[PDB]
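Let's start with one chain on its own, the form deposited in one PDB entry, as structure tokens.
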């Protein structure tokens, strides 16, 4: 049997461990954290993720989709909150087949861990990768207390997240051609209790947004009607706008409360533990990291966040990481040798990872914000109705289909260009020749 060592029992690592182990590979998975399945008296994390078609299909191939979805809340659309007006729902898709699912990260990880072990993978927790000796095919791991342990490896998979130790180790043997692009927004997680969400009639079957231009809040529901709120706000106020809100101005929980009372007045009464959450939850960082190289011969490869950290605004980090795990397991299973599998995997996935990194950055303006846009959107809706296999809004191609990300971006561009020229110099729909716009759709967009 072929052997593989995987670093990181996260989302991509555990899925790839299950896929390889059920195909007879000898799989050893190393994880820095403790096993979340061992019940402790600790107060566990309430992180929510939006699972879409790419991630759902990956779980489906692994036989874990039904179990994951039993524990997922349907989000039918985007509920936009602007003070004084009732929330505007905005369906994501055409029917209940075109939805996103809100899943608790810890519930998903336990399912994936059980799945990897059921398939035959051995999982070793409380062991963090420190360094790799590529020449001797040996790695060094340690616990939190610093006690070191060495292990031999044949194939190394770096599924160890955005601050990947495998990626850092690879940089000593190859030029990764690494380009880090920082993002000015930090993030803070806040809670809405089931009692508060019910009292304020917050819809459980939707993704909620409180747009505020340069900053915003989002909320994802849980099975028990609680919601995890995420505030996106600049770490620092720019030089040009020193008065503009930022985390640097929010000195403590009380300042955060004052800020929410002023800027998010319909949201502040639902956040009962705002002051404590603000002070005890750390401010997260966001970034895009692009690498020219994802592998070292046939010895090691990166996937998921280890390969392509992206900004969170499209909810595609996990979906892309799960899609990578399927592609990696497929390439490894059927290749002539590991070196061929890793080069083929990298060549296939890199253009698509670059496309989703770009689309995730573009989605911030779509969430946090024009009559021209409204007319384009209305025309876009008519074209999707008239031509459903040709005109598919970019959000739907990314979220509800498995079309390669680079193709969704290219088609999305043809559509934006088509709508722009069609609405130009028209105040409303009545002056636009709809049949001529439809002819342009049939001429420029091949059916999918």
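Residue numbers count along the first chain shown, from 1. Rigid core (definition): largest C-alpha set, two forms, superposition within 1.5 Å.
Not pictured, yet referred to below: the form deposited in another entry.
Annotation: the position in 403, 409, 419, 49 displaced by at least 2 Å at CA between the shown form and the other one, with the core superposed, corresponds to 419. Relative to the superposed core, residue 26 undergoes a Cα shift smaller than 2 Å between the shown form and the other one.
Here residue 99 does not count as shifted, since its C-alpha moves by less than 2 Å between the shown form and the other one after the core is aligned. The two forms, fitted on the rigid core, differ between the shown form and the other one by less than 2 Å at the CA of residue 124.
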